[PDB]
There are 2 protein chains.
Amino acid sequence: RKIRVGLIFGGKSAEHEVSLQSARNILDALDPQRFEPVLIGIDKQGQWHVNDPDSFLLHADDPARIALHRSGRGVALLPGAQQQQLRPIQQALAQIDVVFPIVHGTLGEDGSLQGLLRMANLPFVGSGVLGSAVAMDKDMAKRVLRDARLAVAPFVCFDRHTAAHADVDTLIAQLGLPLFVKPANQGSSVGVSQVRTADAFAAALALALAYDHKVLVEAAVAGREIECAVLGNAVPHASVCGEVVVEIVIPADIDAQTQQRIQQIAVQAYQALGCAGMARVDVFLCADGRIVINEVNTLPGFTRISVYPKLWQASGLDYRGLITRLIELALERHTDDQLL
Amino acid sequence: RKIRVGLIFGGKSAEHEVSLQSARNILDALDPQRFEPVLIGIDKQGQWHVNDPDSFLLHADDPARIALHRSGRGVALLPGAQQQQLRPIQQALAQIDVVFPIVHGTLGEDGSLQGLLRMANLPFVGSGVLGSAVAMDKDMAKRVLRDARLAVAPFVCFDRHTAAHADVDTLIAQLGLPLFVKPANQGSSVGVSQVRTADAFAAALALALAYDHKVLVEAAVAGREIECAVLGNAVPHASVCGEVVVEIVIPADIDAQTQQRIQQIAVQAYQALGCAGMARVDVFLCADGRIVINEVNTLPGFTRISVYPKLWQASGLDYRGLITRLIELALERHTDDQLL
Ligand SMILES: Nc1ncnc2c1ncn2[C@@H]1O[C@H](COP(=O)(O)OP(=O)(O)NP(=O)(O)O)[C@@H](O)[C@H]1O
Ligand SMILES: Nc1ncnc2c1ncn2[C@@H]1O[C@H](COP(=O)(O)OP(=O)(O)NP(=O)(O)O)[C@@H](O)[C@H]1O
Ligand SMILES: [Mg+2]
Ligand SMILES: [Mg+2]
């Protein structure tokens with residue numbers, strides 16, 4: 001009755017090395033009374049490799065050099081299999097009971113991996129196909145958030161076939177300056193430009209369009225940057241808040257009343273987008289102080305030093321306890337999903 | 001240079017037999033100058049079976065008895081494989097170049113299958129992960145539609161953990177009677193109740209909740225039922241309209257001006273939800289005549305007698321031509337998706 005926990009990690013992402021460290025840390029905090037790990041790493045090229053727990057990493061202890069051991073032990077997925085759904089090309093691999101996916105990159109976060117795991121009838125930690133796909137698409141997300149009567153930065157969304165037409169003056173007239181230019185579909189922090197003058201705009205648009213088919217152009221939100229951790233499925237709970245300064249400060253220096261209402265905004269956002277298990281919600285806090293949601297991230301960091309587990313720590317939930325709860329959440333959802 | 005077309009069909013769905021007939025028909029219309037088929041059928045239990053084109057079906061010609069030949073030739077999916085991503089358990093299976101998925105049921109339509117196909121770097125016909133997941137979730141869909149300033153039936157959405165609280169009088173006060181009660185997440189036509197009096201309501205809610213975690217309760221829309229076919233990705237086109245009477249009449253008996261604007265509504269809806277390749281949009285036409293969107297279906301029927309190909313036929317696009325275009329759409333999207 002010890003449950004097998006399939007950790008899937010890595011990916012073609014700038015955040016590849018973060019996923020490595022995340023997997024390392026989850027491994028060390030995994031309650032050994034309840035869980036045995038199975039290690040599946042994805043290299044920067046997209047190739048899947050099974051590993052042994054003591055030899056998944058190269059230069060594990062050098063963060064400038066840390067790398068996946070490409071063991072070349074390949075993976076087969078048996079679509080509609082009910083048992084041993086993940087199989088080795090080449091002898092046998094422990095039955096996996098729950099997948100903890102921490103694959104950064106487009107496919108790991110956009111509901112694509114989640115669909116593959118659904119197709120294999122595997123319980124898995126985090127948002128399902130819908131919540132992942134919607135939260136990842138910033139344009140879709142903000143539109144769902146806005147409809148839920150939550151505040152988002154005002155914005156316009158262009159594609160390739162409409163960007164060619166962009167009128168800068170009308171944008172500046174509508175949205176002001178600076179303008180934040182971003183791809184909708186993330187892998188993000190890439191293609192994000194603060195355009196300060198009208199002349200910078202054309203180039204920001206082009207850069208963003210190198211990374212996605214849709215690009216958002218938002219007005220500036222003046223206000224402090226608060227991050228709030230969310231956990232659970234049906235009745236989500238919110239961590240204490242954390243403030244970003246440019247350096248993260250936890251617990252953020254704000255009112256209990258302003259904290260309480262950022263917590264409720266975070267929960268309402270999490271529910272509008274249909275998230276599960278976990279999310280980090282990043283908002284802006286205005287002088288007003290209105291609260292404007294910047295981002296809902298369905299795949300937060302899981303290193304010891306990552307903001308998400310740090311926020312929960314500061315809320316009286318430790319790293320071990322977090323991991324275990326995320327696993328239980330994944331199993332509860334799977335068994336409710338089972339019946340219907 | 002003949003391209004291999006992986007037809008994936010069947011599924012645990014009441015619409016299983018429709019998917020069978022769809023696959024039969026697509027097979028016969030597949031341009032033999034351009035395409036060779038590969039047949040993968042999914043039985044009512046979820047098991048995948050490869051078949052030969054002349055022996056995929058049992059009782060092919062008896063629609064009361066038509067069934068999948070469960071050849072027991074199983075399928076392996078090689079996650080992150082770039083070549084032979086679909087492999088046989090047991091000798092070899094033609095390289096698939098594009099998948100035409102027509103799997104009815106929750107997994108085939110909700111973006112789950114789509115994610116599995118994305119994970120295997122396979123081009124595929126129809127909406128991607130986001131468009132499928134969003135259009136399938138009727139609650140999410142209507143919220144995105146509403147935000148796009150398109151009219152949807154007014155409605156309330158309950159889950160299991162909030163249905164217990166439902167106030168019928170307030171609902172009738174808000175929404176009127178009859179009330180249409182439906183699961184959000186389809187496989188749908190199941191769990192749909194017209195509740196005529198306040199007493200019928202409790203039982204409709206329970207039934208719907210047997211089939212999904214969310215259930216919509218909508219006001220009645222009085223108005224004629226029009227269906228409109230949509231095709232393409234970036235610049236979608238709309239078929240002539242078709243009227244539902246209770247018997248489908250094509251071309252619907254309406255104004256060219258009312259048709260033109262249902263066509264634009266269909267396109268705007270298709271774009272707001274982020275659909276690709278194909279959809280059937282079902283609207284209501286009011287006396288007014290406002291247009292209210294009932295449904296956007298990302299997986300329409302593909303038998304000869306199915307409304308979607310019939311609508312295009314009536315628009316000067318034949319069945320062969322439809323299939324081929326859907327394939328080209330799938331390849332164009334895949335190669336644009338390739339770069340970013
Ligand atoms: N509309 C806006 N108004 C004011 N500041 C913004 C706005 N959009 C982005 N920023 C700032 O730019 C940063 C990056 O934008 P964000 O959408 O968070 O990008 P990301 O791709 O998710 N990468 P990360 O910086 O890791 O979040 C934010 O943390 C803010 O400091
Ligand atoms: N709000 C409403 N107002 C008026 N009629 C409705 C409403 N909702 C549904 N109907 C009617 O009920 C039918 C079924 O609802 P619909 O959402 O189309 O279900 P479905 O699960 O997609 N199955 P199908 O009937 O095949 O579409 C519609 O075609 C209409 O005739
Ligand atoms: Mg952010
Ligand atoms: Mg309908």
# chains A, B, ... in the order shown; residues from 1 in each chain; ligands from 1
>>> closest_atom_pairs(of="segment 45-124 of chain A", to="segment 1-16 of chain A", cutoff="8 Å", atoms="only C-alpha atoms", output="Markdown table")
| residue | atom | partner | partner_atom | distance |
| --- | --- | --- | --- | --- |
| A:45 | CA | A:12 | CA | 6.1 |
| A:46 | CA | A:11 | CA | 6.2 |
| A:68 | CA | A:10 | CA | 7.8 |
| A:94 | CA | A:4 | CA | 7.5 |
| A:95 | CA | A:4 | CA | 6.9 |
| A:96 | CA | A:4 | CA | 5.0 |
| A:97 | CA | A:4 | CA | 5.0 |
| A:98 | CA | A:5 | CA | 5.1 |
| A:99 | CA | A:6 | CA | 4.4 |
| A:100 | CA | A:7 | CA | 5.0 |
| A:101 | CA | A:8 | CA | 4.8 |
| A:102 | CA | A:9 | CA | 5.0 |
| A:103 | CA | A:9 | CA | 4.8 |
| A:104 | CA | A:13 | CA | 5.8 |
| A:105 | CA | A:13 | CA | 4.6 |
| A:106 | CA | A:13 | CA | 7.9 |
| A:108 | CA | A:11 | CA | 7.6 |
>>> write_last_selection(atoms="C-alpha atoms", output="PDB file, in the first residue's frame")
ATOM      1  CA  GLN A  45      15.079  17.918 -26.985  1.00  0.00           C
ATOM      2  CA  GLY A  46      11.805  16.333 -25.706  1.00  0.00           C
ATOM      3  CA  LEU A  68      19.587  15.219 -16.611  1.00  0.00           C
ATOM      4  CA  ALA A  94       6.886  -0.090 -11.372  1.00  0.00           C
ATOM      5  CA  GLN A  95       3.184   0.520 -11.655  1.00  0.00           C
ATOM      6  CA  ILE A  96       2.722   4.298 -11.220  1.00  0.00           C
ATOM      7  CA  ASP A  97      -0.205   5.254  -8.995  1.00  0.00           C
ATOM      8  CA  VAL A  98      -0.027   9.039  -9.257  1.00  0.00           C
ATOM      9  CA  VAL A  99       1.985  11.369 -11.503  1.00  0.00           C
ATOM     10  CA  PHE A 100       3.433  14.586 -10.129  1.00  0.00           C
ATOM     11  CA  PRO A 101       4.133  16.473 -13.375  1.00  0.00           C
ATOM     12  CA  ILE A 102       6.606  19.362 -13.135  1.00  0.00           C
ATOM     13  CA  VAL A 103       7.429  19.809 -16.760  1.00  0.00           C
ATOM     14  CA  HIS A 104       8.075  23.432 -17.618  1.00  0.00           C
ATOM     15  CA  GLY A 105       7.685  24.441 -21.242  1.00  0.00           C
ATOM     16  CA  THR A 106       4.656  24.725 -23.482  1.00  0.00           C
ATOM     17  CA  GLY A 108       4.055  20.436 -19.805  1.00  0.00           C
TER      18      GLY A 108
END
>>> residues_near_ligand(ligand="ligand 4", cutoff="12 Å", atoms="only C-alpha atoms and all ligand atoms", output="MDAnalysis selection string")
chainID B and resid 135:136 138 182 186:189 192 225:228 243:244 279:284 292:300 307
>>> write_last_selection(atoms="N, CA and C atoms", output="CSV table (one decimal), in the first residue's frame")
chain,number,residue,atom,x,y,z
B,135,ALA,N,-14.7,24.8,-25.6
B,135,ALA,CA,-16.0,24.6,-26.2
B,135,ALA,C,-16.8,23.4,-25.5
B,136,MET,N,-16.1,22.4,-25.1
B,136,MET,CA,-16.7,21.3,-24.4
B,136,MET,C,-17.3,21.7,-23.1
B,138,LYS,N,-19.4,23.8,-21.4
B,138,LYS,CA,-20.5,24.7,-21.7
B,138,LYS,C,-20.6,25.9,-20.8
B,182,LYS,N,-28.7,21.1,-17.6
B,182,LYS,CA,-27.7,20.3,-18.4
B,182,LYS,C,-26.4,20.2,-17.7
B,186,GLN,N,-20.9,17.7,-21.1
B,186,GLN,CA,-21.3,17.0,-22.3
B,186,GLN,C,-21.3,15.4,-22.3
B,187,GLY,N,-20.7,14.9,-23.4
B,187,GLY,CA,-21.0,13.5,-23.7
B,187,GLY,C,-22.5,13.6,-23.9
B,188,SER,N,-22.9,14.7,-24.3
B,188,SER,CA,-24.2,15.3,-24.1
B,188,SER,C,-25.4,15.1,-25.0
B,189,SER,N,-26.6,15.5,-24.4
B,189,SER,CA,-27.8,15.0,-24.8
B,189,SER,C,-28.2,14.0,-23.7
B,192,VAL,N,-30.0,16.0,-19.9
B,192,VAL,CA,-30.6,17.3,-20.3
B,192,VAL,C,-32.1,17.2,-20.1
B,225,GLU,N,-34.2,27.2,-34.4
B,225,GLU,CA,-32.9,26.5,-34.1
B,225,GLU,C,-32.2,26.5,-35.4
B,226,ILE,N,-31.1,27.3,-35.5
B,226,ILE,CA,-30.3,27.3,-36.8
B,226,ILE,C,-28.9,26.7,-36.4
B,227,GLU,N,-28.3,25.9,-37.4
B,227,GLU,CA,-27.0,25.3,-37.3
B,227,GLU,C,-26.2,25.8,-38.5
B,228,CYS,N,-24.9,26.2,-38.2
B,228,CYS,CA,-24.0,26.7,-39.2
B,228,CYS,C,-22.6,26.1,-39.1
B,243,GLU,N,-31.9,24.7,-40.8
B,243,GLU,CA,-32.9,24.9,-39.7
B,243,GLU,C,-33.3,23.6,-39.2
B,244,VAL,N,-33.4,23.6,-37.8
B,244,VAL,CA,-33.9,22.4,-37.1
B,244,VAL,C,-35.4,22.6,-36.8
B,279,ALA,N,-16.0,23.3,-36.7
B,279,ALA,CA,-17.0,23.4,-35.7
B,279,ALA,C,-18.4,23.5,-36.3
B,280,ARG,N,-19.4,23.0,-35.6
B,280,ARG,CA,-20.8,23.4,-35.8
B,280,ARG,C,-21.3,24.3,-34.7
B,281,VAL,N,-21.8,25.4,-35.1
B,281,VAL,CA,-22.4,26.4,-34.2
B,281,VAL,C,-23.9,26.4,-34.3
B,282,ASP,N,-24.5,26.2,-33.2
B,282,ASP,CA,-26.0,26.0,-33.0
B,282,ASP,C,-26.5,27.2,-32.3
B,283,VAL,N,-27.4,28.0,-33.0
B,283,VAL,CA,-27.9,29.2,-32.4
B,283,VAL,C,-29.4,29.1,-32.4
B,284,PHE,N,-30.0,30.1,-31.7
B,284,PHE,CA,-31.4,30.3,-31.7
B,284,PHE,C,-31.7,31.5,-32.4
B,292,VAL,N,-28.9,34.1,-30.4
B,292,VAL,CA,-28.4,33.5,-29.2
B,292,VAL,C,-27.7,32.2,-29.4
B,293,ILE,N,-26.4,32.1,-29.1
B,293,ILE,CA,-25.7,30.9,-29.3
B,293,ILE,C,-26.0,29.8,-28.3
B,294,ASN,N,-26.5,28.7,-28.7
B,294,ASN,CA,-26.7,27.5,-27.8
B,294,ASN,C,-25.4,26.8,-27.5
B,295,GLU,N,-24.8,26.3,-28.6
B,295,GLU,CA,-23.6,25.4,-28.5
B,295,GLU,C,-22.6,25.7,-29.6
B,296,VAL,N,-21.3,25.5,-29.3
B,296,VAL,CA,-20.3,25.3,-30.2
B,296,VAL,C,-19.7,23.9,-30.1
B,297,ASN,N,-19.8,23.1,-31.2
B,297,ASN,CA,-19.4,21.8,-31.2
B,297,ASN,C,-18.2,21.6,-32.0
B,298,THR,N,-17.1,21.2,-31.4
B,298,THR,CA,-15.8,21.0,-32.1
B,298,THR,C,-15.6,19.7,-32.7
B,299,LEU,N,-16.5,18.8,-32.4
B,299,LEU,CA,-16.5,17.5,-33.0
B,299,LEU,C,-17.9,17.2,-33.7
B,300,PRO,N,-18.1,17.7,-34.9
B,300,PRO,CA,-19.4,17.5,-35.6
B,300,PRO,C,-19.5,16.0,-36.3
B,307,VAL,N,-25.2,16.6,-40.3
B,307,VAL,CA,-25.5,18.0,-40.6
B,307,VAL,C,-24.3,18.7,-41.1
>>> residues_near_ligand(ligand="ligand 2", cutoff="6 Å", atoms="only C-alpha atoms and all ligand atoms", output="list in words")
residues 153, 180, 186, 188, 189, 190, 218, 219, 220, 221 and 222 of chain B
>>> write_last_selection(atoms="C-alpha atoms", output="PDB file, in the first residue's frame")
ATOM      1  CA  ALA B 153     -28.976  31.903 -22.742  1.00  0.00           C
ATOM      2  CA  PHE B 180     -33.201  23.823 -19.221  1.00  0.00           C
ATOM      3  CA  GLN B 186     -21.344  16.968 -22.269  1.00  0.00           C
ATOM      4  CA  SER B 188     -24.196  15.350 -24.054  1.00  0.00           C
ATOM      5  CA  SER B 189     -27.830  14.965 -24.803  1.00  0.00           C
ATOM      6  CA  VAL B 190     -27.515  12.893 -21.649  1.00  0.00           C
ATOM      7  CA  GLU B 218     -30.627  28.049 -18.278  1.00  0.00           C
ATOM      8  CA  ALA B 219     -33.647  30.209 -19.134  1.00  0.00           C
ATOM      9  CA  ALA B 220     -35.678  29.169 -22.206  1.00  0.00           C
ATOM     10  CA  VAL B 221     -34.783  30.784 -25.432  1.00  0.00           C
ATOM     11  CA  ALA B 222     -37.835  31.056 -27.623  1.00  0.00           C
TER      12      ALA B 222
END
>>> closest_atom_pairs(of="segment 107-183 of chain A", to="segment 231-241 of chain A", cutoff="12 Å", atoms="only C-alpha atoms", output="Markdown table")
| residue | atom | partner | partner_atom | distance |
| --- | --- | --- | --- | --- |
| A:125 | CA | A:232 | CA | 10.2 |
| A:126 | CA | A:232 | CA | 9.0 |
| A:127 | CA | A:233 | CA | 8.8 |
| A:128 | CA | A:233 | CA | 10.6 |
| A:131 | CA | A:233 | CA | 11.3 |
>>> write_last_selection(atoms="C-alpha atoms", output="CSV table (one decimal), in the first residue's frame")
chain,number,residue,atom,x,y,z
A,125,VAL,CA,-1.1,16.5,-9.5
A,126,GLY,CA,-2.3,20.0,-10.6
A,127,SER,CA,-4.8,21.5,-12.9
A,128,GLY,CA,-6.6,19.3,-15.5
A,131,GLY,CA,-7.6,24.8,-16.1
>>> select_by_dssp(residues="segment 145-222 of chain B", states="strand (DSSP E or B)", output="PyMOL selection string")
chain B and resi 151-152+155-159+179-183+193-195+214-219
>>> residues_around(residues="residue 204 of chain B", least_positions_apart="2", cutoff="10 Å", atoms="only C-alpha atoms", output="PyMOL selection string")
chain B and resi 179-182+191-195+199-202+206-210+215+217
>>> write_last_selection(atoms="N, CA and C atoms", output="tab-separated table (two decimals), in the first residue's frame")
chain	number	residue	atom	x	y	z
B	179	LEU	N	-37.09	25.66	-17.48
B	179	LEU	CA	-35.68	25.84	-17.23
B	179	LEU	C	-35.01	24.66	-17.89
B	180	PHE	N	-33.91	24.92	-18.60
B	180	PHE	CA	-33.20	23.82	-19.22
B	180	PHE	C	-32.04	23.43	-18.33
B	181	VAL	N	-32.04	22.18	-17.92
B	181	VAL	CA	-31.01	21.70	-16.99
B	181	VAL	C	-30.02	20.76	-17.69
B	182	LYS	N	-28.74	21.11	-17.62
B	182	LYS	CA	-27.75	20.35	-18.39
B	182	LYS	C	-26.40	20.23	-17.73
B	191	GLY	N	-28.51	13.59	-19.60
B	191	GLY	CA	-28.75	14.50	-18.45
B	191	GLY	C	-29.41	15.85	-18.74
B	192	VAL	N	-29.95	16.02	-19.95
B	192	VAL	CA	-30.65	17.28	-20.32
B	192	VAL	C	-32.15	17.19	-20.06
B	193	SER	N	-32.66	18.08	-19.22
B	193	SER	CA	-34.07	18.02	-18.83
B	193	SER	C	-34.71	19.37	-19.05
B	194	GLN	N	-35.87	19.35	-19.68
B	194	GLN	CA	-36.73	20.51	-19.66
B	194	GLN	C	-37.60	20.40	-18.39
B	195	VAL	N	-37.34	21.26	-17.39
B	195	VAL	CA	-38.17	21.25	-16.20
B	195	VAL	C	-39.30	22.26	-16.33
B	199	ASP	N	-41.49	21.65	-9.24
B	199	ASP	CA	-41.34	20.32	-8.63
B	199	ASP	C	-40.43	19.39	-9.39
B	200	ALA	N	-40.38	19.57	-10.71
B	200	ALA	CA	-39.52	18.74	-11.55
B	200	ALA	C	-38.02	19.05	-11.33
B	201	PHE	N	-37.70	20.13	-10.63
B	201	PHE	CA	-36.36	20.69	-10.72
B	201	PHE	C	-35.35	19.87	-9.96
B	202	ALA	N	-35.73	19.42	-8.78
B	202	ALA	CA	-34.83	18.73	-7.90
B	202	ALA	C	-34.28	17.49	-8.56
B	206	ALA	N	-30.42	16.37	-9.85
B	206	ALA	CA	-29.76	15.17	-9.46
B	206	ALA	C	-29.27	14.37	-10.63
B	207	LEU	N	-30.09	14.26	-11.67
B	207	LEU	CA	-29.74	13.47	-12.84
B	207	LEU	C	-28.51	14.03	-13.55
B	208	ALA	N	-28.43	15.35	-13.64
B	208	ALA	CA	-27.36	16.00	-14.33
B	208	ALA	C	-26.09	15.79	-13.58
B	209	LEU	N	-26.20	15.89	-12.29
B	209	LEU	CA	-25.07	15.71	-11.41
B	209	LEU	C	-24.56	14.27	-11.39
B	210	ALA	N	-25.33	13.34	-11.95
B	210	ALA	CA	-24.81	11.99	-12.09
B	210	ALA	C	-23.78	11.93	-13.21
B	215	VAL	N	-23.35	21.65	-13.61
B	215	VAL	CA	-24.62	21.51	-14.25
B	215	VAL	C	-25.07	22.91	-14.48
B	217	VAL	N	-28.15	25.57	-15.46
B	217	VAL	CA	-29.60	25.73	-15.43
B	217	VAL	C	-29.84	27.01	-16.20
>>> interface_residues(of="chain B", to="chain A", cutoff="7 Å", atoms="only C-alpha atoms", output="PyMOL selection string")
chain B and resi 46-48+75-81+107+111-113+115-116+118-119+129-130+133-134+143-144+147+210-212+340
>>> write_last_selection(atoms="N, CA, C and O atoms", output="JSON list (two decimals), in the first residue's frame")
[["chain", "number", "residue", "atom", "x", "y", "z"],
["B", 46, "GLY", "N", -12.58, 1.53, -23.94],
["B", 46, "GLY", "CA", -11.44, 2.42, -24.06],
["B", 46, "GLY", "C", -10.21, 1.83, -24.69],
["B", 46, "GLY", "O", -9.15, 2.48, -24.72],
["B", 47, "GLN", "N", -10.31, 0.59, -25.16],
["B", 47, "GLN", "CA", -9.16, -0.13, -25.71],
["B", 47, "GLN", "C", -9.00, 0.20, -27.19],
["B", 47, "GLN", "O", -10.00, 0.23, -27.93],
["B", 48, "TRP", "N", -7.74, 0.43, -27.58],
["B", 48, "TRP", "CA", -7.34, 0.82, -28.92],
["B", 48, "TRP", "C", -6.97, -0.45, -29.70],
["B", 48, "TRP", "O", -6.33, -1.35, -29.16],
["B", 75, "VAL", "N", -1.96, -0.48, -29.28],
["B", 75, "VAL", "CA", -1.21, 0.72, -29.67],
["B", 75, "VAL", "C", -0.33, 1.29, -28.54],
["B", 75, "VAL", "O", -0.77, 1.43, -27.43],
["B", 76, "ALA", "N", 0.90, 1.67, -28.87],
["B", 76, "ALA", "CA", 1.82, 2.35, -28.00],
["B", 76, "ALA", "C", 2.09, 3.73, -28.60],
["B", 76, "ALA", "O", 2.23, 3.90, -29.82],
["B", 77, "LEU", "N", 2.19, 4.69, -27.69],
["B", 77, "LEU", "CA", 2.43, 6.04, -28.04],
["B", 77, "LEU", "C", 3.79, 6.38, -27.44],
["B", 77, "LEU", "O", 4.09, 6.08, -26.27],
["B", 78, "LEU", "N", 4.65, 6.93, -28.27],
["B", 78, "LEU", "CA", 5.98, 7.23, -27.80],
["B", 78, "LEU", "C", 6.08, 8.71, -27.54],
["B", 78, "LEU", "O", 6.29, 9.49, -28.45],
["B", 79, "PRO", "N", 5.84, 9.11, -26.29],
["B", 79, "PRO", "CA", 5.86, 10.53, -25.89],
["B", 79, "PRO", "C", 7.18, 11.19, -26.25],
["B", 79, "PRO", "O", 8.25, 10.67, -25.95],
["B", 80, "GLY", "N", 7.11, 12.33, -26.93],
["B", 80, "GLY", "CA", 8.32, 13.00, -27.43],
["B", 80, "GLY", "C", 9.07, 12.30, -28.57],
["B", 80, "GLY", "O", 10.15, 12.75, -28.96],
["B", 81, "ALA", "N", 8.52, 11.20, -29.11],
["B", 81, "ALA", "CA", 9.05, 10.62, -30.34],
["B", 81, "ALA", "C", 8.76, 11.57, -31.49],
["B", 81, "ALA", "O", 7.75, 12.30, -31.49],
["B", 107, "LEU", "N", -13.13, 12.00, -23.41],
["B", 107, "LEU", "CA", -11.71, 12.11, -23.68],
["B", 107, "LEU", "C", -11.37, 12.54, -25.12],
["B", 107, "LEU", "O", -10.38, 13.25, -25.38],
["B", 111, "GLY", "N", -10.11, 17.76, -25.25],
["B", 111, "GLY", "CA", -8.74, 18.26, -25.39],
["B", 111, "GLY", "C", -7.77, 17.24, -24.86],
["B", 111, "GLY", "O", -6.54, 17.44, -24.94],
["B", 112, "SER", "N", -8.29, 16.15, -24.26],
["B", 112, "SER", "CA", -7.42, 15.14, -23.71],
["B", 112, "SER", "C", -6.71, 14.37, -24.85],
["B", 112, "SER", "O", -5.51, 14.24, -24.84],
["B", 113, "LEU", "N", -7.46, 13.82, -25.80],
["B", 113, "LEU", "CA", -6.87, 13.16, -26.96],
["B", 113, "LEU", "C", -5.91, 14.11, -27.72],
["B", 113, "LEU", "O", -4.82, 13.72, -28.14],
["B", 115, "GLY", "N", -4.22, 16.61, -26.52],
["B", 115, "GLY", "CA", -2.96, 16.72, -25.82],
["B", 115, "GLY", "C", -2.05, 15.52, -26.04],
["B", 115, "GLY", "O", -0.82, 15.61, -26.11],
["B", 116, "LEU", "N", -2.68, 14.36, -26.12],
["B", 116, "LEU", "CA", -1.89, 13.13, -26.32],
["B", 116, "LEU", "C", -1.26, 13.27, -27.70],
["B", 116, "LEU", "O", -0.11, 12.99, -27.85],
["B", 118, "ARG", "N", -0.59, 16.03, -29.39],
["B", 118, "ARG", "CA", 0.46, 17.04, -29.30],
["B", 118, "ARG", "C", 1.73, 16.52, -28.70],
["B", 118, "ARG", "O", 2.80, 16.92, -29.12],
["B", 119, "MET", "N", 1.58, 15.69, -27.68],
["B", 119, "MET", "CA", 2.74, 15.12, -26.99],
["B", 119, "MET", "C", 3.49, 14.21, -27.95],
["B", 119, "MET", "O", 4.66, 13.89, -27.73],
["B", 129, "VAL", "N", -5.93, 21.96, -27.94],
["B", 129, "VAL", "CA", -6.23, 21.55, -26.59],
["B", 129, "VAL", "C", -7.19, 22.54, -25.95],
["B", 129, "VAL", "O", -8.26, 22.13, -25.44],
["B", 130, "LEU", "N", -6.82, 23.84, -26.01],
["B", 130, "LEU", "CA", -7.64, 24.95, -25.57],
["B", 130, "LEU", "C", -9.02, 25.04, -26.21],
["B", 130, "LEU", "O", -10.02, 25.03, -25.51],
["B", 133, "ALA", "N", -11.13, 21.92, -25.09],
["B", 133, "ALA", "CA", -11.44, 21.96, -23.67],
["B", 133, "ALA", "C", -12.48, 23.04, -23.37],
["B", 133, "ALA", "O", -13.46, 22.78, -22.70],
["B", 134, "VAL", "N", -12.28, 24.26, -23.88],
["B", 134, "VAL", "CA", -13.22, 25.38, -23.66],
["B", 134, "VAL", "C", -14.63, 25.18, -24.29],
["B", 134, "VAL", "O", -15.67, 25.40, -23.64],
["B", 143, "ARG", "N", -19.41, 31.72, -20.79],
["B", 143, "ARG", "CA", -18.70, 32.82, -20.15],
["B", 143, "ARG", "C", -17.70, 33.51, -21.11],
["B", 143, "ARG", "O", -17.60, 34.74, -21.14],
["B", 144, "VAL", "N", -16.98, 32.73, -21.89],
["B", 144, "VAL", "CA", -16.12, 33.31, -22.93],
["B", 144, "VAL", "C", -16.93, 33.97, -24.05],
["B", 144, "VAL", "O", -16.55, 35.02, -24.56],
["B", 147, "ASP", "N", -18.42, 37.29, -22.71],
["B", 147, "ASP", "CA", -17.36, 38.28, -22.63],
["B", 147, "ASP", "C", -17.06, 38.80, -24.03],
["B", 147, "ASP", "O", -16.60, 39.92, -24.19],
["B", 210, "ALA", "N", -25.33, 13.34, -11.95],
["B", 210, "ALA", "CA", -24.81, 11.99, -12.09],
["B", 210, "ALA", "C", -23.78, 11.93, -13.21],
["B", 210, "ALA", "O", -22.90, 11.06, -13.22],
["B", 211, "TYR", "N", -23.86, 12.89, -14.13],
["B", 211, "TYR", "CA", -23.07, 12.85, -15.36],
["B", 211, "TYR", "C", -21.90, 13.83, -15.39],
["B", 211, "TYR", "O", -21.01, 13.66, -16.23],
["B", 212, "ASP", "N", -21.93, 14.86, -14.55],
["B", 212, "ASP", "CA", -20.82, 15.83, -14.48],
["B", 212, "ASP", "C", -20.74, 16.48, -13.11],
["B", 212, "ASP", "O", -21.69, 16.43, -12.33],
["B", 340, "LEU", "N", 7.50, 28.05, -33.39],
["B", 340, "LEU", "CA", 7.40, 28.52, -32.00],
["B", 340, "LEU", "C", 7.09, 27.40, -31.02],
["B", 340, "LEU", "O", 7.90, 26.47, -30.84]]
>>> residues_around(residues="residue 286 of chain B", least_positions_apart="5", cutoff="7 Å", atoms="only C-alpha atoms", output="JSON list (two decimals) with N, CA and C atoms, in the first residue's frame")
[["chain", "number", "residue", "atom", "x", "y", "z"],
["B", 222, "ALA", "N", -36.80, 31.28, -26.64],
["B", 222, "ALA", "CA", -37.83, 31.06, -27.62],
["B", 222, "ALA", "C", -37.26, 31.55, -28.93],
["B", 223, "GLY", "N", -37.27, 30.70, -29.94],
["B", 223, "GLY", "CA", -36.66, 31.07, -31.21],
["B", 223, "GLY", "C", -36.31, 29.83, -32.01],
["B", 224, "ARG", "N", -36.12, 30.03, -33.32],
["B", 224, "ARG", "CA", -35.86, 28.93, -34.23],
["B", 224, "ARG", "C", -34.40, 28.48, -34.09],
["B", 291, "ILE", "N", -29.76, 36.95, -32.11],
["B", 291, "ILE", "CA", -29.18, 35.64, -32.22],
["B", 291, "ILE", "C", -28.48, 35.19, -30.94]]
>>> select_by_dssp(residues="segment 130-335 of chain A", states="helix (DSSP H, G or I)", output="ChimeraX atom specification")
/A:130-136,138-147,160-163,168-175,198-209,256-272,307-313,319-335
>>> residues_around(residues="segment 321-335 of chain A", least_positions_apart="5", cutoff="6 Å", atoms="only C-alpha atoms", output="list in words")
residues 123, 124, 125 and 277 of chain A
>>> write_last_selection(atoms="C-alpha atoms", output="short mmCIF file (atom, residue, chain, number, x, y, z; two decimals), in the first residue's frame")
data_model
loop_
_atom_site.label_atom_id
_atom_site.label_comp_id
_atom_site.auth_asym_id
_atom_site.auth_seq_id
_atom_site.Cartn_x
_atom_site.Cartn_y
_atom_site.Cartn_z
CA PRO A 123 -4.12 10.37 -11.53
CA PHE A 124 -1.95 13.45 -11.58
CA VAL A 125 -1.14 16.49 -9.48
CA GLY A 277 -4.44 21.22 -6.85
#
